[PDB]
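The form deposited in one PDB entry is given below as one chain in structure tokens.
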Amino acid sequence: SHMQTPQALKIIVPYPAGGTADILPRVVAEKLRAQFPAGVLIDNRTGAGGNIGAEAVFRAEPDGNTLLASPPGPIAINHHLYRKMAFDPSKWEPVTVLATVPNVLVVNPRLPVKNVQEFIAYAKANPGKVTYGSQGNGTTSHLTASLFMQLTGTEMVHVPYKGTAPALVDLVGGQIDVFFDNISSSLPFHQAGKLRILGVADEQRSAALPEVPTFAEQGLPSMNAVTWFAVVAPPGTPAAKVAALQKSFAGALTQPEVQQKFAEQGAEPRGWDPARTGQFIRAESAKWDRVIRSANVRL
């Protein structure tokens, strides 16, 4: 029979532990363990911008027991930018979006600038010398830095990492000068005074950090850059399986503790149905491609 095999749910996060990509699915997984009695196991599988872990899910059996929980790179973005691809992201089977989260500009608290305009001047004063970390080539932090440079006429050197976690280590350590992270992973550091967020790349401020202005409020209205964390299944996963999984994830997102934890970090829980999720990924893929084009995004 089917029912007599307990099967674990395996969720690959294709980025190092401790960033938002890792934290949000782990928070949610605590509320799914009851429905997957053989266990919910998150594995962090790093490399190639998120494409190593992504490929591993892509090639797994399309039974819904192996899923990718990822930010946009290996779902919507990197196939527009990379020299090659070992899988076809257009064939992901969308399950849901766990959260959307705005990106920010974050610096070390010793950087002698108080706001975005002063940061621009610092970059122009030290042209080609100021370095920006990223979460990897083709991640939203990469493209967000690029959009910033496009809109401001600045020239900064890209230093890609494997994800948020090692980038934040180096920004704290002073080994990079700026990072366009999402708010959720940078907020604890900002609150602690360990890092300093200069602006939020959205049309409104975050309720989690209400005193930090948007980029629009600082003279850069087109500096909008919002990431997200989706769940996708291998190509060919049945529609009713995807639907059942989306209902399980959506149910987790509404649980009070998951709501508290997402809210305190400025992550907006979504839980969108598979169709809406697929429409969103399509629209996002094109939106980020339009950034690649307008901002001359370079590997």
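Throughout, we count residues from 1 along the sequence that is shown.
Missing here is the form deposited in another entry; even so, the following discussion is about that form.
In the motion between this form and the one not shown, where one rigid part swings relative to another, the hinge among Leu81, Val226, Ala243, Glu118 is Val226. Whereas the shown form places them at one spacing, the Cα atoms of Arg276 and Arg205 lie at least 3 Å closer in the other entry. Compared with the form shown, the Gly271-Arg205 C-alpha separation decreases in the other entry, the change being 3 Å or greater.
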